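Take a look at the letters that make up each chain.
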Protein chains: 2
Amino acid sequence: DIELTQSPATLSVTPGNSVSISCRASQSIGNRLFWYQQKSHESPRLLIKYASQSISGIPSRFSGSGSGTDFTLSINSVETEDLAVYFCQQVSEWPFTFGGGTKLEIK
Amino acid sequence: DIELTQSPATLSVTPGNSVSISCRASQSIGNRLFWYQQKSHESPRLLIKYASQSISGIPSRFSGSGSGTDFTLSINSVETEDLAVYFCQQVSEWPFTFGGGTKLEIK
């Protein structure tokens with residue numbers, strides 16, 4: 001089962017800052033990593049597909065990069081509405097497995 | 001973490017047949033289990049909340065049951081439009097873990 005380690009666990013910034021969230025796979029999964037946001041009492045929302053492709057309708061401030069085993073999510077200039085947990089997901093090999101999550105707090 | 005195991009990985013049916021998808025928690029989580037459907041690389045659609053409460057307006061052929069460790073999503077009379085990957089997520093204790101997914105294939 002491919003394992004996904006996210007970092008950090010939590011982080012705090014004020015609005016306007018940039019943040020990067022990392023996710024590493026225990027083996028090469030190529031570009032087959034998706035990133036999701038989930039705010040409390042909400043279903044997950046897909047931000048990025050295939051490591052670096054953004055979804056129609058999500059802000060240009062989200063982007064991703066990476067391939068093989070190291071992947072990062074960037075939010076350039078976070079907004080207060082970005083307060084959420086973010087997790088990665090591999091779709092390379094079943095069972096499809098998820099990172100443990102990163103809490104973004106916007107102080 | 002509370003681990004969720006989903007079964008099967010994929011299954012195949014012909015339209016009109018009935019289908020059962022399972023998701024097992026390693027520890028008791030009562031009714032605290034959400035089911036999702038994803039028809040493509042997109043944000044998940046929430047089908048069932050709290051094990052067995054169907055979301056207003058989803059087809060009546062969908063239902064969920066279970067409380068504790070053993071959860072079942074049932075589609076009673078599949079339509080070809082139901083081709084998707086289904087996931088369960090527990091929402092009982094952090095981190096809110098996900099099953100490995102099940103791909104419904106329609107002969």
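Residues numbered from 1 in each chain as written, not as in the entry; some residues may be left out. Chains lettered and ligands numbered in written order. Heavy atoms only, no water.

- Method of determination, as annotated in the archive: X-ray crystallography, at 2.17 Å resolution.

### A few points about the overall build of chain A
Then, in step 1: Each helix and strand counted, chain A has zero helices and 10 strands in total.
Then, in step 2: In sequence order, the secondary structure elements of chain A are arranged as β-β-β-β-β-β-β-β-β-β.
Then, in step 3: For a compact globule of 107 residues, the expected C-alpha radius of gyration is about 13 Å, and chain A comes in at 13 Å, within 12% of that figure.
Then, in step 4: Overall, chain A is about 35 × 25 × 25 Å in size when its C-alpha atoms are taken along their principal axes.
Then, in step 5: For chain A, the residues scored as buried account for 47% of the 107 residues in total.
Then, in step 6: In chain A, 55% of the contacts between residues at least 6 apart in sequence involve partners at least 24 apart.
Then, in step 7: In the structure as shown, chain A presents an accessible area of about 4900 Å², 45% of it carried by carbon and sulfur atoms.
Then, in step 8: When the 8 positive and 9 negative side-chain charges of chain A are each reduced to one mean point, those points stand 4 Å apart. (Helix = DSSP H or I, 4+ residues; strand = E, 2+ residues; numbered from the N terminus. Rg over C-alpha atoms; globule rule 2.2 N^0.38 Å. Buried < 20%, exposed > 50% of the residue type's maximum accessible area, 1.4 Å probe, protein only. Contact = heavy atoms within 4.5 Å. Areas by Shrake-Rupley, 256 points an atom, 1.4 Å probe, with all protein chains shown as cover. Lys, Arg positive; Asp, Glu negative; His and termini not counted. Charge placed at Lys NZ, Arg CZ, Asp CG, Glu CD.)

### Description of unusual backbone geometry
Then, in step 1: A cis geometry characterises the amide bond from B:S7 onward to B:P8, with omega recorded as -10°.
Then, in step 2: Residue B:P95 follows B:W94 across a cis peptide bond; omega there is -5°.
Then, in step 3: Checked against the element boundaries, B:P95 lands in the loop between strand 9 (84-90) and strand 10 (102-106).
Then, in step 4: Phi is positive for A:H41, which is not a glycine, with a value near 65°.
Then, in step 5: Tracing the chain through its elements places A:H41 in the loop between strand 4 (33-38) and strand 5 (45-49).

### Some points on the state of the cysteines
Residue and element names in this part refer to chain A.
Then, in step 1: By the definition in use, this model includes two disulfides over all chains.
Then, in step 2: Shown here is the disulfide that connects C23 with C88, its sulfur atoms set 2.0 Å apart. Judged by the sign of its S-S torsion, about 85°, the bond between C23 and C88 is right-handed. Of this pair, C23 sits in strand 3 (residues 19-25) while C88 sits in strand 9 (residues 84-90), and the two are 65 residues apart along the sequence. Like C23, the residue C88 is buried in the burial classification. (Disulfide = S-S within 2.5 Å.)

### Topic: the sheet that holds strand 3 (residues 19-25) of chain B
All names here are of chain B.
Then, in step 1: In spatial order, the strands read 1-3-8-7; together these four strands make up an open sheet with antiparallel pairing. Only two strands of the sheet have a single partner each, and these edge strands are strand 1 (4-7) and strand 7 (62-65). This sheet shows a mean twist of 15° between the axes of neighbouring strands, independent of strand direction.
Then, in step 2: Sheet topology places strand 3 next to strand 8 (residues 70-75); six bridges connect them, and they run antiparallel. Across the sheet, residue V19 finds its bridge partner in strand 8, namely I75. (Pairing = 2+ DSSP bridges. Axes fitted to C-alpha atoms, helices over the stretch in contact; angles between N-to-C directions.)

### A closer look at the interface of chain B and chain A
Buried accessible area, meaning the area lost when the parts come together, often serves as the stated size of an interface.
Then, in step 1: Listed per partner, the contact involves 17 residues of chain B and 18 residues of chain A.
Then, in step 2: In this assembly, chain B packs against chain A so that about 1400 Å² is buried in total across both faces, 64% of it on carbon and sulfur atoms.
Then, in step 3: The tally of links between chain B and chain A comes to zero salt bridges.
Then, in step 4: At the surface where chain B touches chain A, the tally comes to seven residue pairs in polar contact.
Then, in step 5: Of all the secondary structure elements, the ones that give two or more residues to the side of chain B that touches chain A are strand 4 (33-38) and strand 9 of chain B.
Then, in step 6: For the side of chain B that touches chain A, the class distribution of residues is eight nonpolar, eight polar and one charged. (Buried area = accessible area lost by both parts, 1.4 Å probe. Salt bridge = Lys/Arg side-chain N within 4 Å of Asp/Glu carboxyl O. Polar contact = N/O pair within 3.5 Å; in protein donor to acceptor, adjacent residues only side chain to side chain. Nonpolar A, V, L, I, M, F, W, Y, C, P; charged D, E, K, R; others polar.)

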